[PDB]
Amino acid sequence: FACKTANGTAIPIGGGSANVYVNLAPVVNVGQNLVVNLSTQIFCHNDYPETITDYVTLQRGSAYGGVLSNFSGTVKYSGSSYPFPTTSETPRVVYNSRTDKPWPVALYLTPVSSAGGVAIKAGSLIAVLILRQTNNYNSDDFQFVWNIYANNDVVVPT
């Protein structure tokens, strides 16, 4: 089991950390959602499906910077919504193929009444998402830590 991002930076077997840079809608109105879709950004596969089935959760999602200040959030995991920042680990997605399968995560961030102006700065950390991988075979329990950065400013109109 290992993962890779859409621009090809990898986290190998056993886990680790990696930075992910994402384009964001440049303008978002108070009350509307800024959608951050990581399923186009993060892909994983099982290295031994003949024998091992892999289980993958979103263990923790954390908000930083402009996102923690200026937005209210939820996270969708495999189509089901939870509070963001997270208050529990999600149920597990099954990885049973060597095919690259997206990690089914998306953030829905709504600017709050006070947001107005530059609400997220280019280059800033907006989130840290911890993918947790176990299996039905041994004691492996690894963390793949994804640091999510904005590629551009997000403006909330006044």
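One-based numbering along the sequence shown.
Stretches 149-157 and 2-10 differ in mean C-alpha B factor, with the higher average recorded for 2-10. The question of which stretch, 88-96 or 101-109, has the higher mean Cα B factor is settled in favour of 88-96. In the deposited entry, the Cα temperature factor of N19 sits in the top third of values across the chain's modelled residues. When the modelled residues of the chain are ordered by their C-alpha B factor, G79 lands in the middle third. The deposited CA B-factor of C44 belongs to the lowest third of values across its chain. Residue-level temperature factors show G116 in the lowest third of its chain, judged at the C-alpha atom. For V30, the recorded CA B-factor ranks within the middle third of the chain. Only modelled residues enter the ranking.
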